[PDB]
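All residue numbers in this chain count up from 1 along the given sequence.
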Amino acid sequence: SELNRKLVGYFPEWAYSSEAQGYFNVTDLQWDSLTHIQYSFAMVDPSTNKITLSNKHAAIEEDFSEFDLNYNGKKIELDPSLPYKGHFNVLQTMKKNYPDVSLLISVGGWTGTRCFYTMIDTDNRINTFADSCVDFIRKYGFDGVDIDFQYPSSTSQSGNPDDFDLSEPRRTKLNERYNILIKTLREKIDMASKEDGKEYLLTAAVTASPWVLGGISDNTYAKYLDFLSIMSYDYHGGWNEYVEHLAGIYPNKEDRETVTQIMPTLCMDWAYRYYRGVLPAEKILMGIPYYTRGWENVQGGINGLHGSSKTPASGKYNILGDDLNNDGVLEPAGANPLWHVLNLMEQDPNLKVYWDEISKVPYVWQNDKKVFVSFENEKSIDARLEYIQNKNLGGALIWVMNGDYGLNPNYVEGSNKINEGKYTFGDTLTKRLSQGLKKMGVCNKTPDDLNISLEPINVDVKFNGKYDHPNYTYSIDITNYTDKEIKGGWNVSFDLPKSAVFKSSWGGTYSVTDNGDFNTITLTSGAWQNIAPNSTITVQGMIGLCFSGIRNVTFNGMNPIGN
Ligand SMILES: CC(=O)N[C@@H]1[C@@H](O)[C@H](O[C@@H]2O[C@H](CO)[C@@H](O[C@@H]3O[C@H](CO)[C@@H](O)[C@H](O)[C@H]3NC(C)=O)[C@H](O)[C@H]2NC(C)=O)[C@@H](CO)O[C@H]1O
């Protein structure tokens, strides 16, 4: 049911054959605790514009004869009656015992967004892609589609730099074309649901970055999603010098990267406020990382935090680093699954865990080597559960499921091998999240905007603007569709998400009233701003920082229903 809490986990297609990933396969998924599994990743084909597999062998061909498929201590065999093998066979086989766990195919990701740029160029290509998604979920027994386009933004040089040859020429239209993509997917998926007697889902994982969001002008697409997953992680990392939290929850005035900003933006709660402009809390999921980022040779800070470093952590502190040329030399990133950091702490008593009571996340600091790594533990899970309950969030998504921890069957005392430590992957944090989501009960239904309860007036209020970080210059066009002049002194109100701060109205007067996740802005015009019948007047002003949209628009205490 719609208001049930959700615990959504991303499954990595590439993990089962990789030492650093722990050889994690579908039978290692936390099936008793997740409500949804997002298979990562499918992509778009450059020549046909259809959904396509990345590692086809892993997805539908691997027989796992060289790997260990077992669950609850019982050997899992591939279902020999299915016309495919691979992860997809194991997913369908497990789902027979977990029929209420929804399976979605995630399309895109950091390295799989490239061909979205050309597929969105025309409506016929979007239609082909959307139809191919329907065919795919039917063929492979999926319950829905997750779109992970990184990113449909005009912000220059956002997304993967390998794709700038496609994204940079398209910046002005990306957001508009993405809105058409999501709407078309919803239309086709809903038709397939009716035809099949099944309730198929459409979701998206979306940016939490104020930098990316400055280039997003239309968040209407959110209304077409079953839920919207905020990527409230990768806030900080080895791409810059700011030794700060990967995935803080609450705004932290000591985050050195944002100390000059209007408010601290690199935390879940800022993105929550941003997206409340277009969605109720129960349709929003918090993103939770089961991986780390970090730095070495950290200068300054306190236990590293708020320090500086031009050298991301390497070596044993970076087992998930990329090998983008080859021969085992990994790009420094301080990137690890949580179980590996636990094992490092077993090995080194001076690698210690600390708690940030402002951001409500932990971190790990080696004071002799000056190594800082982000972390996630039972205390931060508990803080996240508290936030989910307090804010009425729909639940959480997790990147990525092989990073949770449990006891290692292959532990070897004294061994430094990646998969011979005390811990390997497991379900400790995921079970803790699941138990907490069960205990807090279903979400409340957020009430409709109050403007709908007001008496109607045939006035149209259109809110537009332009963003030049950190300044949003708004223009409101007010059209009088009644048969009488509206005298000057009229007022318009709107609810502005608390991701932004109203700064000034350029004409008339204004007031700001606290209203939950919003401030209600009331603009009162001057006596001279009469609105003749069938005419339009425009008023302007300035807002600091960005917001997904405005809500609850009123005019002279009535609901402006236009013409
Ligand atoms: C035009 C201009 O100078 N704009 C400034 C912004 O760049 C800056 O925001 C920061 O932008 C960088 C990218 O240039 C962001 O880093 C990226 O972060 C993502 C994850 O969020 C990571 O995947 C990328 O690898 C990384 N790229 C690079 C090149 O480092 C950074 O997170 C942004 N920080 C914030 C707080 O938004 C803002 C800062 O306010 O200033 C603009 O003037």
If you take the centroid of each ring, where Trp contributes its six-membered ring, are [Y] and [X] closer together than 6.0 Å?
| X | Y | result |
| --- | --- | --- |
| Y16 | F64 | yes |
| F24 | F425 | yes |
| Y200 | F142 | no |

Going by the angle between their ring planes, with limits at 30° and 60°, are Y363 and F372 parallel, tilted or perpendicular? parallel
Whether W399 and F41 hold their rings parallel, tilted or perpendicular, with breakpoints at 30° and 60°: parallel
Test: [X] and [Y] ion pair at under 4.0 Å:
| X | Y | answer |
| --- | --- | --- |
| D79 | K96 | yes |
| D404 | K431 | no |
| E386 | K360 | no |
| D449 | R551 | yes |
| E241 | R256 | yes |

For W270, all residues meeting ring-ring contact (aromatic ring centres under 6.0 Å, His included), sequence neighbours excluded: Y274
Just wondering, do [Y] and [X] contact through their side chains at under 4.5 Å, heavy atoms?
| X | Y | result |
| --- | --- | --- |
| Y317 | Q366 | yes |
| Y387 | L393 | yes |
| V400 | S40 | no |
| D356 | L305 | yes |
| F227 | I284 | no |
| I60 | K85 | no |
| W31 | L91 | yes |

Give a yes/no verdict on a cation-pi contact between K379 and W355, requiring under 6.0 Å between NZ or CZ and the six-membered ring centre and an angle within 45° of the axis. yes
Closest heavy-atom pair, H245 versus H236, reported as atoms and distance to 0.1 Å, is O-CD2, 3.1 Å
Judged by atom type as modelled, is there a donor-acceptor pair below 3.5 Å linking the side chain of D427 to the main-chain atoms of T430? no
Looking at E376 and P362, would you say the former's side chain and the latter's main chain have a donor-acceptor pair under 3.5 Å? no
With rounding to the nearest 0.5 angstrom, report the CD to CE distance, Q150 to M231. 4.0 Å
